[PDB]
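Novice: experimental structure and its sequence below.
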Amino acid sequence: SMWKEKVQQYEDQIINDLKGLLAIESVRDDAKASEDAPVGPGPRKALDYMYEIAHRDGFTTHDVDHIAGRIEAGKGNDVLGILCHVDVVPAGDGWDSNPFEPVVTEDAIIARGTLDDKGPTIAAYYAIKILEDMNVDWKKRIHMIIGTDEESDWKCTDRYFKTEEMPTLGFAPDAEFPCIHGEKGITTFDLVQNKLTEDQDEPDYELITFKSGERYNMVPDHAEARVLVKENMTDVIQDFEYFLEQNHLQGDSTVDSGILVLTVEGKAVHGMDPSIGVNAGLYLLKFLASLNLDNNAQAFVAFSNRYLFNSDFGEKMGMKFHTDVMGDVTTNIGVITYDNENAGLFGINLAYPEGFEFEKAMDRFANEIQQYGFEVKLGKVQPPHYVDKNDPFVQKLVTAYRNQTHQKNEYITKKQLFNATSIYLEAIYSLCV
C-alpha cells in the first residue's frame, strides 16, 4: 500500500539498526550477573542499545533496574503497549555462519535473534519512528516495553509492572497473561443469613417470602414481598404508594386473606454497571425497613440497607476502588431471596479492575459481617486479564495484516522484516493517530 513504500524509504536505516542489535551477544548469563546486569552483560547491552537509538531519534526512555524498560512516544491518556525482548538463546549446534556477526544477504539477514525477537523489535520501533518523522498528531501514548529476562512472562506481578504503568491496550505475542488492560475481573458470592429459631411477640408484619432477580449478573427489575399483616392494612398500602412515588417507581399492592403482596418494578441493565439501572429488590427492602417486622425479616432488611442499598460501587462493603482508566469496583446484587425456613440470601456480582485487592477486602468484610449472623459463600473468582483476540490493537494488526499479503542458522527475510514494519505501521497509525 502507501504504507509499504513509506517503509521502503527507511530500508537501510532499519537494516543498520537491526544489524547493530543482532551483533550483541545478548545471551543470558546468570553466573556473571550483577546488579548492573541482572541477567548478564549481553542483555544489558542490548537493552542499552535500544535506549541509544531512541535518544538518537529523540524519544524519552525509562529503565527499570536494568532488566526491562520502555521507549515512550505519543500523546494522550491511553497507552498502547508493544512488548518485546532483546535477550536471545545460545547459538550452539552447527551454524554455517557466525551467529552474533550478522550476515546480510541479497534477500535475507542471518543471525540469532533475527526471528525472536530482535527483528520484530526493530520493525515495531521503526513503525513508531516513521510515524514520528511525519510529525503526526498523536492521540495515544505508546510504550515499547522491552525485556531481557526470559524467566518472566510480563505479569502484573513481575518486575516491570510492580511499578510501571499498565498499557490500556496492546500486543504481547509470547505471553499468556501480560499485564495489559483487557477483561474486568469478576466474582460472585452469596451473603447468607443464619436462621434465628428463637421466640418473639407477634409482629405488626411478618415477611413470608421475598424474591427478586435470578442467578445472572443483571440488575433485577422485579421484586415481590408477601407479608402477613397483624392489624389493619390501609396504612401500609398508603405508605407503599407514597414510597413508590417518592422514589419514582412503578409498583403495586395486592391483598388477599391477610397476606399483603408488594410488587416493585425496576430497570434491568447489565450488572457490569449497575448505577445505570434500578434495583427493584433493594428498593423493596428499603421500604420494608420502615416497618415493624419479625426478627429475622428485620435483620435481613437491615442488612440490605447497611451494606447493599444505594451502593453500586462497593462503597458500603468497604470496597470502593477507583482506577484512572480501567474503571471502578462494581457491586451488583443480582438475586435476593427470603423465606421462613431458609431465611435470607443475597447474590453478589463484584467486578474489579486490576489491581484491587480482592481477597483482603473479602476477608475484612467476611468478618465485619459475623456479628450480624451473615456468612460469605464464595463463588467463582475470575481475575482481570487480557484477551488477545478482544484487543483493539491486536485486531488492527490482523486487519493491517490482511490488507497486506532456537533453530540453527536462524534468519529473517528482508521482505518479512519490512512488511512487519508496514503492518505495525498501519495498525499503529489507524489506532493512535
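Specialist: Ah, there it is. Residues are numbered from 1 along each chain as shown.

Novice: the helix ranked longest in the chain packs against which elements?
Specialist: Ranked by residue count and defined by DSSP state H, the top helix of the chain is helix 414-432. Packing partners of helix 414-432 (3 or more CB pairs under 8 Å, 6 or more residues apart in numbering; DSSP states H and E): helix 2-8, helix 11-22, strand 79-85, strand 108-110, helix 118-133, helix 392-403. Backbone N, C-alpha and C define where each C-beta goes, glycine included.

Novice: and these as TSV, adding distance to residue 384 and mean neighbour count?
Specialist: Below are the helices and strands packed on helix 414-432 laid out as TSV (distance: least, CB to CB, whole Å; neighbours: other CB atoms under 10 Å):
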stretch	distance to residue 384	mean neighbour count
helix 2-8	34	15
helix 11-22	34	19
strand 79-85	15	25
strand 108-110	40	18
helix 118-133	25	24
helix 392-403	17	17
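
Novice: and of these, who's closest to residue 155?
Specialist: Closest to residue 155 of the helices and strands packed on helix 414-432, according to CB to CB: strand 79-85, at 11.7 Å.

Novice: off-centre distance for the closest one?
Specialist: Strand 79-85 sits 16 Å away from the centroid of its parent chain (CA atoms, centre = their mean, to the nearest Å).

Novice: next SSE after that strand?
Specialist: strand 103-104 (DSSP states H and E).

Novice: elements contacting that next one?
Specialist: Using 3+ CB pairs under 8 Å, 6+ apart, strand 103-104 sits against strand 108-110.

Novice: which other helices and strands does the strand it packs on contact?
Specialist: Under the contact criterion of 3+ CB pairs under 8 Å, 6+ apart, strand 108-110 touches helix 11-22, strand 103-104, strand 411-413, helix 414-432.

Novice: between these, which one is closest to residue 205.
Specialist: Ranking the helices and strands packed on strand 108-110 by their distance to residue 205 (criterion: CB to CB) puts helix 414-432 first, at 59.1 Å.

Novice: how far off centre is that closest one?
Specialist: Its chain's C-alpha centre and that of helix 414-432 lie 27 Å apart, by CA atoms, centre = their mean.

Novice: sorry, back to before: with distance to residue 277 added, can I get the helices and strands packed on helix 414-432 in TSV?
Specialist: Written out in TSV, the entries for these read as follows (distance: least, CB to CB, whole Å):
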stretch	distance to residue 277
helix 2-8	45
helix 11-22	53
strand 79-85	31
strand 108-110	58
helix 118-133	42
helix 392-403	27
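
Novice: looking at these, which is nearest to residue 319?
Specialist: For the helices and strands packed on helix 414-432, the distance to residue 319 is smallest for strand 79-85, at 26.2 Å, taking CB to CB.

Novice: what is the closest one packed up against?
Specialist: Counting by 3+ CB pairs under 8 Å, 6+ apart, strand 79-85 packs on helix 118-133, strand 141-147, strand 169-171, helix 414-432.

Novice: in a markdown table: those, plus distance to residue 311.
Specialist: Shown next, in a markdown table, are those (distance: least, CB to CB, whole Å):
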| stretch | distance to residue 311 |
| --- | --- |
| helix 118-133 | 44 |
| strand 141-147 | 34 |
| strand 169-171 | 30 |
| helix 414-432 | 37 |
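
Novice: to residue 338, which of those lies closest?
Specialist: Once these are compared by CB to CB, strand 169-171 is nearest, at 43.4 Å.

Novice: ok, and what's touching the helix or strand that the closest one is followed by?
Specialist: Using DSSP H and E, the helix or strand that follows strand 169-171 in sequence is strand 185-193. By CB atoms under 8 Å, 6 or more residues apart in numbering, the list of residues contacting strand 185-193 from outside reads 217, 272, 296, 299-300, 303, 307, 334, 343-354, 356, 358, 362, 369, 373-385.

Novice: buried sites along the longest helix of the chain?
Specialist: For helix 414-432, the buried set under the neighbour-count rule, 16 or more other CB atoms under 10 Å, comprises 414, 416-429, 431-432.

Novice: coming back round to it: how about the helices and strands packed on strand 79-85, which one is nearest residue 74?
Specialist: Proximity to residue 74 (CB to CB) singles out strand 141-147 among the helices and strands packed on strand 79-85, at 4.3 Å.

Novice: the closest one to helix 392-403, inter-axis angle?
Specialist: Interaxial angle of strand 141-147 relative to helix 392-403 (axes from the mean of the first three to the mean of the last three CA atoms, to 10 degrees): 90 degrees.

Novice: what is strand 141-147 packed up against?
Specialist: Applying 3+ CB pairs under 8 Å, 6+ apart, one finds that strand 141-147 makes contact with strand 68-74, strand 79-85, helix 118-133.

Novice: between those, which one is closest to residue 163.
Specialist: With CB to CB as the measure, strand 68-74 is the member of these nearest residue 163 (10.8 Å).

Novice: check the offset of the closest one from the chain's centre.
Specialist: On the basis of CA atoms, centre = their mean, strand 68-74 is displaced by 21 Å from the centre of the chain it belongs to.

Novice: then stretch 219-230?
Specialist: 36 Å.

Novice: next one: stretch 299-319
Specialist: A distance of 25 Å separates the centroid of the chain from that of stretch 299-319, by CA atoms, centre = their mean.

Novice: how long is that stretch end to end?
Specialist: Start-to-end span of stretch 299-319 (CA to CA, to the nearest Å) is 22 Å.

Novice: re earlier: got the helices and strands packed on strand 108-110 as JSON lines, with distance to residue 41 columns?
Specialist: Putting the helices and strands packed on strand 108-110 into JSON lines (distance: least, CB to CB, whole Å) gives the following:
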{"stretch": "helix 11-22", "distance to residue 41": "15"}
{"stretch": "strand 103-104", "distance to residue 41": "24"}
{"stretch": "strand 411-413", "distance to residue 41": "25"}
{"stretch": "helix 414-432", "distance to residue 41": "27"}
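
Novice: perfect, I'm done here.
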